[PDB]
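What follows is a set of notes on a single structure, which appears directly below.
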Amino acid sequence: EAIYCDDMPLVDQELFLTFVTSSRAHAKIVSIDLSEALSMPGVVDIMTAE
Amino acid sequence: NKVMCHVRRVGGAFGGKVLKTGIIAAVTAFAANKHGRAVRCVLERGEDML
Amino acid sequence: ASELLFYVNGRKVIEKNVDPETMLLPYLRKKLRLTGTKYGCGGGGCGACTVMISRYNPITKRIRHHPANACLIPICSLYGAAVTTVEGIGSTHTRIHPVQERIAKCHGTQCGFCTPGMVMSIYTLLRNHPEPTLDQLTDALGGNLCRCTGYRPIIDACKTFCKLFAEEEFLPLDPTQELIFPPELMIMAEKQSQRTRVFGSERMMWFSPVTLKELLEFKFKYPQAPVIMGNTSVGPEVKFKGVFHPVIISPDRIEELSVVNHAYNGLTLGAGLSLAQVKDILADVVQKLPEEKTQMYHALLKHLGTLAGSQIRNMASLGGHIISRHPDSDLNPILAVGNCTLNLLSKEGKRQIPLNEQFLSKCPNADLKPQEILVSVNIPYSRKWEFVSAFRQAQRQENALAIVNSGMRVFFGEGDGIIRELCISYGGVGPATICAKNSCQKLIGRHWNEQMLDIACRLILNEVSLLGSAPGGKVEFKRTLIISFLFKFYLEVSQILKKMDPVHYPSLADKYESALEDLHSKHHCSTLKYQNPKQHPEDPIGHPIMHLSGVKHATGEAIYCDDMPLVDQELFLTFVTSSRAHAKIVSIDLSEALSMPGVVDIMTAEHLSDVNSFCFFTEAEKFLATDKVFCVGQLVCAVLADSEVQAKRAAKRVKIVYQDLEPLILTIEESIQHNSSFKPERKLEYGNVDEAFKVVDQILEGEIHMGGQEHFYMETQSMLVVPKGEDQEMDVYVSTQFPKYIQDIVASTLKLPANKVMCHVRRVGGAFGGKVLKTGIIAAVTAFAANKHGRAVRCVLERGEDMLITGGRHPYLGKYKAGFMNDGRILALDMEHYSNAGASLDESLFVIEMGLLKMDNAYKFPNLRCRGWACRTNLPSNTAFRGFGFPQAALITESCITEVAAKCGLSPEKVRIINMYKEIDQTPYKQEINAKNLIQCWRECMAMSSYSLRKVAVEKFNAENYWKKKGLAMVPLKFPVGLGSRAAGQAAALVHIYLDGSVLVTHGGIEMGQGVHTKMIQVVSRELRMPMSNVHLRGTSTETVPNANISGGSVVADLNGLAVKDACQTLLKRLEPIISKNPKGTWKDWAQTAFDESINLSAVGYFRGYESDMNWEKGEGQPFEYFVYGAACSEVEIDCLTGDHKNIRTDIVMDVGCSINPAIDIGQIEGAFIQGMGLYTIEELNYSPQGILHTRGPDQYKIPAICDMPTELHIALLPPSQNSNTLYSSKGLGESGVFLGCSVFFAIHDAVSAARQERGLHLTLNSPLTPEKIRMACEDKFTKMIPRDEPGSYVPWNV
Amino acid sequence: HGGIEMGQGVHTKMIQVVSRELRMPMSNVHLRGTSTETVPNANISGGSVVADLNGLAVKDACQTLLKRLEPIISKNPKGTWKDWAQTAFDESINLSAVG
Ligand SMILES: Cc1cc2nc3c(=O)[nH]c(=O)nc-3n(C[C@H](O)[C@H](O)[C@H](O)COP(=O)(O)OP(=O)(O)OC[C@H]3O[C@@H](n4cnc5c(N)ncnc54)[C@H](O)[C@@H]3O)c2cc1C
Ligand SMILES: O=C(c1ccc(OCCN2CCCCC2)cc1)c1c(-c2ccc(O)cc2)sc2cc(O)ccc12
Ligand SMILES: O=C(c1ccc(OCCN2CCCCC2)cc1)c1c(-c2ccc(O)cc2)sc2cc(O)ccc12
Ligand SMILES: Nc1nc2c(c(=O)[nH]1)N[C@H]1C(S)=C(S)[C@@H](COP(=O)(O)O)O[C@H]1N2
Ligand SMILES: Nc1nc2c(c(=O)[nH]1)N[C@H]1C(S)=C(S)[C@@H](COP(=O)(O)O)O[C@H]1N2
Ligand code: MOS
Ligand code: MOS
Ligand code: FES
Ligand code: FES
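Chains as they are written, first to last, in the deposited numbering: chain A, 596 to 645; chain B, 794 to 843; chain C, 4 to 165, 200 to 569, 572 to 1297, 1300 to 1336; chain D, 1042 to 1140.
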C-alpha cells in the first residue's frame, strides 16, 4: 500500500519520456537522424540540445 | 514560486538521487511544459546504472 | 457504418461507432479536455456553454458563422462543421484575442464562470460584424447571464469595439489573420455527397438524410421519429421530462427546406430556416415593401428579438417552432391570425393545410400526417385597411417565456369603416394556442369604437376562460392581460384609422397616447467616480488592479472544480431526492437500479449507520432521510456508478413509496398556527414604546411579505474527493466557502482525525453564501462512498437538483405598528420579524439576530421594540445569503417609513431625512456611531442625481400620461460589519520567500469572485516593497493554513489582509539587518544572504480578530467594528396596462473608506446592487400547495440580464475618512449594495402610487415587485371587470 | 519538515519528537510527506544529519506551540488536546507554528 513515485496513478493524457544515451566514451557527434523515430507509432516529440 | 516539488518517500537513494535526478527532471519538465501534458520518466536498471 | 467527422478549434475530430446521444458540452470537456466551455443550466438560457458553429455553403460559396449553446447540440449534427470554443480564439501560451484581453482588463470578470460564454458571444458577432454597433453587441449577449458583475464592465468592453482601464493600450482588432475555416470542410462540402449518414447504439439510431427524397423515405419508414433541427424543443423535454426517442431523423442543409420565395400575394419561408435568419429576412422585407403590405412581418419582427437569446434564435428552426406548438409560443399566435398555410410533402406528394386553431390544438384532422414533413410556410401580404398587432408580457423584457402573448388582426370595409374580418389569438392561457373565434364572429359588423371594445372585452373573457387552478398560476393577472392587450390593439387601430380617415374617427386623448409606446432602451451609459500624491509609484494599494485570474477567466484556462481532469478510475455520485413535503418513507426498492449498467453502489440512511448525522450547531441532524421526509429535495439515496449518465439513469428507476403526513406547513402564518412548542425569542428594546404611543399624533399598523432568493451561482455544487490509499487519507477538492467545515464533516463521517482529511480550494465560481452547509453534507456522503470503494468520487449537481437541494434567502414577514408625529417623526416603533426557515432552524436564528441589529438602518428611533422568530416549514431549509438578514429587515423598515409618509402627506424622502441619525448618535443596542458619512452620502447623492429637478420632471410626466407612470425614490444605507465574537474574526496566512527572491503566499480566505487573492498580493507588494509579479498564490488548503474561519461576513479581505500583513512584517523585521547592509540590492540578493546567515524565510501571519460582543439578554453590546454608509437613487417607468417596467437611471454614493482596489470595489457595488434589484423585482420562487418548487414555463427563475440593468448608472465613492482599526483604513463592502436595490422597488412603488392617486384609489406592495403585482395595483376598468373565483373553490397551481 | 524519507526512518523519529514535546501519543500525530510548498529552502537530505537538524526544527515548532498554550493547560490541566485546541481557538491563539 506504500505509494512510491511510479505507483502514482495514471494522470489524464500523460506522456512517457526515455533517453538515447551515448555509446562512445569520447567522440564527435557528426550527425543525428530522427526521421524514422519521429514517424513511428505514439511518438510525440524528440529533443536534442538544439 | 511557480514550481513545487513533492516527495512522500524514496525507495533508497544513498546519495544517488540528487544531481542526475534534477537533470532528468529539468528535461522532463521542459517536455511537459512544451506539450501541455504531464510526463512520466522511469529508468530501467540498465540505463539507470549508466 | 458512418464515421463522424468535424473540427474543433481548427483540429480534426473523427469518431467511429459514435453514440448518437453524445452532446457537445460533455464531449468538449471530458473527451477533448477543453473545459473552457461551462455548464450553467443545460436548458439554453444562461449561455455559459456558448460556442461558435461554422459551415460552408457550397451553393453560395460563403462561410456562415453563428453562435449556439453546446449543451443542446448532439455531436452527430456537426458533420462537416467547425466548432470554436474559448480556447480556440486565444490563450496565454499562444496569443490573447482582443475580446479576451478587453473583457478581462475592463473588469468584466469576477468569478469568471460566465466569461467563456461572454467571450464567444462577442467573438461570434465580431466575425459577422467587424465594425458593429453597441446594439448588435448587446443583442448578442441577450442570452448570456452573469451573477457577479452587473453587466456594466462587459458593456464597457463591448463599447471599445465600436477610468478603470487603459483603453488606448488594448490590442487592435485585425479582421484578417483570424481563424481560418478548415480547408478540408470546404472540400467535402464541394463534393455534394448524396449519401445518408447513419449512426447507432444499443439505445438509439440516428439517420441524417442529405436529400429531400431520403428525408421523405425516412419520414415514412419511421413515422413516429422526430425530425431534429435545432433540438431546442426536443432537447429540453428529453433532459427534464423523461422523453426518449429510439430513432431520430436529422436532415442536413436540404435546399427545399431553406427556400425564401418573394411571391406576389405573399412570401414563403422554408421550415429549415433559423429564427435568426427569418428575423433578418423580415427585417429586410419591411424596408423594401410598402407599409400596408408588411403588417404580418412587422408583428413577427417584433416578437422576434425578444425571443430567447441570439444562441437559441440561431439554433431553432421556423418549422420546428410551428410543429412544437408550445403554448407560450410568441410566433404561432401571430401566424394563427394571418391566414398562413403550411406546405407539406410526403412520398405520396404535396399537400397544403391552413395554420389555424385546429392545427395548433393538434387535432388529427387538421394536423400533419405521420409520414409528412413541413417544407415551408406561406405568410401573405396585408391589404389596405388590414392591421396586425402582437403583444406579450413576461417576467422580464428578454429571454423569458411569455406569461400571456397575443396576435390580433382586423380588416375594415373600405366604404363603411365596418369590421369585415377579425381574428384574435392568445398564448400562455391553456395547453395550446387558442383563438377567440366565437367572440370575433359576434363582433363582425360593428364599428371601431369604445362600445365595441366593451362588448369585445366581455365576450373574449367568457371565451378565453381560465380556471382558478390553471397551470402557470397568475390567473387574475392573465385575465387582465387578455383584455389589456385588446385595449392596446384598440388604441393602435384607432390611431391609424384617425390618421388615414380623420373625418370619421375621434382624436386620441393626450394622456392615452403613451400606452402605444413600448418601454425599451438598448442604450447604456455609466460614470464611475473614485479617488487618488507622495505614495510610492510601485505601491499598488489604491490602484484599480485587474483580477489576477481575469485573463485566465477569458481564455477558459481558469480551473474550476469540475474542470479538473479525470483521475484514474473515478466514479460519479448523484442523489435521489424527496418528492414529498412531509411524508412517511414506507419502502425503498433498489433492486432494479442496482442491476443496471455502471452501478457500483446505492446508499440509504441505513448504509451510513452511525455517521448519518452530524452536529452542525445546536443539534445533530441527518444527511440522508431515514423513515420520514420533511421537504422536497431532501436527500434520500446516493447512487454511485461508473459514469454520470449511468448514475442518473439508475437513480430514476429507484422506487420509493410514500405516505403523506399532516400537517403540511408551507407559509409563515401556517407555521405560527401550528407551533405550540417553545421558541427562543430575541428582542431589542430602546426607550419605552408603550408610553410613547400615548403622545403620538397618529398610529398605523402594516405588514409586508418578502420572498426568498436563489443564489444562482453560475458554477453549481461541484466536488471531487480522492483517497490517497494510505492511512485513510482523503483529499477533498470542493467549491466551498468553508474548507475547515468540509474537513470536519468529512473526517467525522469517516471516523478520522482531522490530520487525515485535507480540503483544497483554488477558486469558486460564485457562492454568495450558498456553498457552505449542504456542500459539506454532499462532501461527507461522497467521501463515505470514496473510502468504502477505494475510488475517487466526483459529484456535480445539475441546475434543477441544485436549486432543490440547496436552500435560498430566507423569506420574511414584517409586522409593524408605528406611532408618529404629523411632521413624520416616528417616535414609537413596535416591530416583528418572521423568517421562513424551512426544514431546519440552525442558519435562521443567526439571520434573525442580524436583522434585529441592523433594522434601524439610517434612522434613530427613540422608542423601539423589535422581536424576531424563525419558523419551520416543509420547504428546503434556507441558508445564509449576501446581506445576512439586512436586505429583509431594512426593507421592512423602509416599507414602514413609506406608509408613515403616505399618512402625513410627505414624500418618503422627506420622512427619511427627518428620521435620520445625527452626526453623533446611538443605536438600539447602545453603540455610539459617527454618521457624518451617512449624512454626506445622502447629500452628495442628491446633488449627483439632480433629485429635485428630476422629482419635478417625474410629477410632470405623471400628470400628462395616464397608462404610463414614472417613479423616483432614494434610500439611505447603514450596513454594520461585525461577526459577533472575536474568535469568529481571526485569520491566518503563510508566506514563503524562496532563494531566488520570489514569494508564495496563502491564507484562509476563499476566492469566489470578490478578488481577495488580488488584494492579498496587493498587500504583499506594499509590505515587502516588491512588484506584484514577484509574488504568487496557488489557492486555499487546510494543509497550509489550518483552523480558518468561513469566507463570509464581509470581512474576508479585511482579516486575511491583516494576517498577510503580519507575516510580511515578521519577515521584514528579520531582514532589516541585511537590507541596511545592502540597500541597493534585489530581493534575490537579500534572500540568498538570509539563507547564508541562517535566517528563516518562512513566516506564519495571524490576526486575532476584531473585538465584538452582544448581550441579547440586556439587548446591548458592541457587535460591529465599522459601518458602511451609502445612498442610492433609482428612477423607473412602468406600464400600467401590463405591469412591465424599465429601470431608467440609478445613482449610488458609497462610503468605502480607503478603497484597496477601486475596480474590485466598484464591481462589488454593481453586482450587489443588481443582485438586490432582482431580489426586489423579478426573482420569484413559486411553490405548489403540495410544497413542490415549480420550474417550467413562466415559472422559470429569472436573474437580471442586460435588459434589466439600468439605462444610466452613476456610482461615486465618498472621499475617504480615517479608519485606523481596519486594514489600510478600508471598509469591507460587497454585502452592502444588495439593499440599495430596493431603491428600484420604492421607485416602482412611487409610480404605482401616482397612478392610484390620479385614479382616486386611497397600499401594500410585497417583494418581489413582479409585473403581476405592479399590474394589479394599477386598478382600472379592466381589473374591475375580470371574473374571479371564490377563494376555497379550487386547488391553485401556486400558494 | 525539509527532510526526505529514504528508508532511514526520519519521519518516524520526527513523530517520536512531537509525541514527547507536546506530550501526546504518536497516533495523534500524522505526516504526509515533504514539499517545497510547506517548508521552503530546505537543504539536501544527506550528510548523516537529516534526523538531527529536522528534529531540532520540529522540536522548535512544538516548543513555540507549548509556550502559547501554557496559560490554557495550566487553567485546565486535566483536559485533552481537543479541549486545549478548541479553547485556544476561542481565545484567538494561533495553532500553527514554523520551526
Ligand atoms: C432557452 C429557450 C428559450 C426559448 N424562448 C422562447 C421564447 O421566448 N418564445 C418562444 O416563442 N419560444 C421560445 N423557445 C422555444 C423555441 O422557439 C422552440 O423550441 C424552437 O423554435 C423549436 O425549433 P427547433 O428547430 O429547436 O425544434 P426541434 O427541437 O428540432 O424539433 C421540435 C419538433 O419539431 C418537429 N419538426 C421540426 N422540423 C420539422 C419538419 N420540417 N417537419 C416536421 N416536423 C418537424 C420535430 O419532429 C419535433 O417534433 C425557447 C426555447 C429555449 C430552449
Ligand atoms: O358611419 C360612420 C359615422 C357615423 C356617424 C358619425 O358621427 C360623427 C360625429 N357625431 C356627430 C353627431 C353627434 C354624435 C357624433 C361618424 C362616422 C363611419 C364610421 C364610424 C366610426 C366610429 C363610430 O363610432 C361609428 C361610425 S367609420 C366610417 C368609414 C366610412 O368609409 C364611412 C362611414 C364611416
Ligand atoms: O462557524 C461555525 C460554527 C462554529 C461553532 C459551532 O459550534 C461550536 C460547537 N461545536 C460545533 C461542531 C460540532 C462540535 C461542537 C458551530 C458552528 C459555522 C459552521 C460550522 C463550523 C464547523 C463545523 O464543524 C460545523 C459547522 S457552519 C456555519 C454557517 C454559517 O453561516 C456561519 C457559521 C458557521
Ligand atoms: N463575485 C462575487 N462576489 C461576492 C460573492 C460571490 O460569491 N461572488 N459573495 C459575497 C459574499 S456572500 C460575501 S460575505 C463577500 C465575501 O468576501 P469579502 O468579505 O472579501 O467581500 O463577497 C461577496 N461578493
Ligand atoms: N534505508 C536507507 N538508509 C539510508 C539511506 C538510504 O537511502 N536508505 N541513505 C544513507 C545516507 S547517504 C545518508 S546521508 C543518511 C541520511 O539520513 P540520516 O541523516 O537521518 O541518517 O541515511 C543513510 N541511510
Ligand atoms: O457572509 Mo456572505 O458568505 S452570506
Ligand atoms: O550524505 Mo548521504 O546523502 S551521500
Ligand atoms: S445555456 Fe447551456 S449550460 Fe446554460
Ligand atoms: S463573473 Fe459572471 S457569473 Fe460570475
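Note that beta-carbon positions come from the ideal geometry of N, C-alpha and C, so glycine has one too.
Closest by C-alpha distance to residue 1344 of chain C, when choosing among C/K957, C/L27 and C/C74: There is simply no residue 1344 of chain C to check, as chain C begins at 4 and stops at 1336 in what is shown.
Does any heavy atom of ligand 2 sit closer than 7 angstroms to the C-beta of C/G454? Numbered from 1 along the third sequence, position 417 holds the residue referred to as residue 454 of chain C. Yes, since a heavy atom of ligand 2 falls inside the 7 angstroms radius drawn around the Cβ of C/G454.
Is there at least one non-hydrogen atom of ligand 8 closer than 7 angstroms to the beta-carbon of C/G45? Locating residue 45 of chain C in the third sequence gives position 42, counting from the first residue. It does: the Cβ of C/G45 is within 7 angstroms (strictly closer) of some heavy atom of ligand 8.
8 angstroms CB neighbourhood of C/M241 in its chain, flanking five on each side removed: Residue numbering aside, residue 241 of chain C sits at position 204 when the third sequence is read from its first letter. Answer for C/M241: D22, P23, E24, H282, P283, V284 and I285, listed in chain order.
Near-chain A residues of the region 767 to 794 of chain C (beta-carbon distance less than 9 angstroms), N- to C-terminal order: none
Can you grab the Cα-Cα spacing for the pair C/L490 / C/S946, in whole Å? As a working mapping, residue 490 of chain C is identified with position 453 in the third sequence. As a working mapping, residue 946 of chain C is identified with position 907 in the third sequence. Rounded to the nearest angstrom, the two C-alpha atoms are 38 angstroms apart.
For ligand 1, is there any heavy atom lying closer than 7 angstroms to the beta carbon of C/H358? Numbered from its first residue, the third sequence carries residue 358 of chain C at position 321. Yes - ligand 1 has a heavy atom lying nearer than 7 angstroms to the Cβ of C/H358.
Could you confirm whether any beta carbon from chain C is found closer than 8 angstroms to the beta carbon of D/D1131? Locating residue 1131 of chain D in the fourth sequence gives position 90, counting from the first residue. It does; some Cβ of chain C falls within 8 angstroms.
Beta-carbon contacts of C/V271 that lie in its chain and below 7 angstroms, excluding the five residues immediately before and after: One-based indexing of the third sequence puts residue 271 of chain C at position 234. These residues qualify, in order along the chain: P263 and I265.
With distance defined between alpha-carbon atoms, name the residue in C/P1254, C/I1283, C/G1232 and C/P1255 nearest to C/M1212. Position 1173 of the third sequence holds residue 1212 of chain C. Closest by alpha carbon: C/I1283.
Determine the chain D residues that contact B/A806 at a beta-carbon separation under 7 angstroms, and present them in chain order. Locating residue 806 of chain B in the second sequence gives position 13, counting from the first residue. Simply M1047.
CB contact check: A/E645 to chain C, cutoff 8 angstroms: The count along the first sequence starts at 1 and reaches residue 645 of chain A at position 50. For A/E645, the answer is no, since every Cβ of chain C falls outside 8 angstroms of its Cβ.
If you compare alpha carbons, which of C/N20, C/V625 and C/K479 is closest to C/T665? Working through the third sequence from its first residue, we reach residue 665 of chain C at position 626. Among C/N20, C/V625 and C/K479, the Cα nearest to that of C/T665 is on C/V625.
Quick one: what does DSSP say C/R67 is sitting in, helix, strand or coil? Counting from 1 along the third sequence, the entry for residue 67 of chain C is found at position 64. Residue state, collapsed to three classes: strand.
Is the Cβ-Cβ distance between residue 1298 of chain C and C/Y697 less than 8 angstroms? Chain C lacks coordinates between 1297 and 1300, the interval that contains residue 1298 of chain C.
Distance cutoff 8 angstroms, beta carbons only. Does A/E596 sit that close to anything in chain C? By one-based count along the first sequence, residue 596 of chain A stands at place 1. It does: the Cβ of A/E596 has a partner Cβ on chain C nearer than 8 angstroms.
C/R234 (DSSP reduced to helix, strand or coil): Numbered from 1 along the third sequence, position 197 holds the residue referred to as residue 234 of chain C. Three-state DSSP puts C/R234 in a strand.
Under 9 angstroms Cβ-Cβ, which residues of chain B neighbour D/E1078? What you label residue 1078 of chain D is simply residue 37 of the fourth sequence in a count that begins at 1. By Cβ distance, chain B contributes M797, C798 and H799.
Relative to the alpha-carbon of C/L1063, which residue among C/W1125, C/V1090, C/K559 and C/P1011 has its alpha-carbon at the smallest distance? What you label residue 1063 of chain C is simply residue 1024 of the third sequence in a count that begins at 1. With distances taken between Cα atoms, C/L1063 lies closest to C/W1125.
Cut-off 7 angstroms between Cβ atoms - residues of its own chain near A/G637, not counting five sequence neighbours on either side: Start at 1 with the first residue of the first sequence, and residue 637 of chain A comes out as number 42. Correct list: empty, nothing qualifies.
Cα-Cα, which of C/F885, C/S1256, C/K965 and C/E1205 is closest to C/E1155? By 1-based counting over the third sequence, the position of residue 1155 of chain C is 1116. Closest by alpha carbon: C/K965.
Could you name the residues of chain B that D/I1113 contacts, counting a contact when the two beta carbons are closer than 8 angstroms? Your numbering for residue 1113 of chain D matches position 72 in the fourth sequence. Within 8 angstroms Cβ-Cβ: nothing; D/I1113 doesn't reach chain B, min ~34 angstroms.
Using the beta-carbon of each residue, which ones in chain F are nearer than 8 angstroms to C/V1139? Of the protein chains in the structure, A, B, C and D, none is chain F.
Do C/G47 and C/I349 have their C-beta atoms within less than 8 angstroms of each other? Here residue 47 of chain C corresponds to residue number 44 of the third sequence, with the count starting at 1. Here residue 349 of chain C corresponds to residue number 312 of the third sequence, with the count starting at 1. It is a contact, given that the beta carbons lie within the stated cut-off.
Does DSSP classify C/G279 as helix, strand or coil? Mapped onto the third sequence, residue 279 of chain C falls at position 242. Coil at C/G279, not helix or strand.
Counting only Cβ-Cβ distances shorter than 7 angstroms, please list the residues of the region 1077 to 1100 of chain D near chain B, keeping chain order. The region 1077 to 1100 of chain D vs chain B, Cβ under 7 angstroms: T1077, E1078, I1085 and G1087.
Thinking C-beta only, is C/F236 closer than 8 angstroms to residue 571 of chain C? Residues lacking coordinates in chain C include everything strictly between 569 and 572, among them residue 571 of chain C.
Per DSSP, C/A597 is paired with what? Translated into positions along the third sequence, residue 597 of chain C becomes position 558. C/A597 is not bridged to any residue.
So with Cβ pairs under 8 angstroms, would you call C/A1022 a contact of chain D? Stepping through the third sequence from its first residue, residue 1022 of chain C is reached at position 983. Answer yes: the Cβ-Cβ gap between C/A1022 and chain D drops below 8 angstroms somewhere.
Going along chain C in order, which residues have a C-beta closer than 8 angstroms to the C-beta of D/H1071? As a first step, residue 1071 of chain D must be located in the fourth sequence, where it is residue number 30. Here the neighbours are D766, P792, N794 and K795.
Looking at ligand 7, does it come within less than 7 angstroms of C/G1024, judged from the CB to the closest heavy atom? Position 985 of the third sequence, counted from the first residue, corresponds to residue 1024 of chain C. Result no, Cβ not under 7 angstroms from ligand 7.
Please check if any C-beta of chain C sits within less than 8 angstroms of the C-beta of A/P604. Here residue 604 of chain A is taken as the residue at index 9 of the first sequence, counted from 1. Judged by the 8 angstroms Cβ criterion, A/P604 is in contact with chain C.
Ordered along the chain, which non-local residues of its own chain (more than five positions away) have a Cβ less than 7 angstroms from that of C/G467? If you number the third sequence from 1, residue 467 of chain C lands on position 430. Around C/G467: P364.
Tell whether a beta-carbon distance below 8 angstroms holds between D/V1139 and C/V1139. Your numbering for residue 1139 of chain D matches position 98 in the fourth sequence. Your numbering for residue 1139 of chain C matches position 1100 in the third sequence. Judged by their CB atoms, D/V1139 and C/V1139 are nearer to each other than the 8 angstroms cut-off.
Range of the contiguous beta strand (DSSP E) that encloses C/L891: The count along the third sequence starts at 1 and reaches residue 891 of chain C at position 852. Premise fails: C/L891 lies in the alpha helix (DSSP H), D881 to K893, not in any beta strand (DSSP E).
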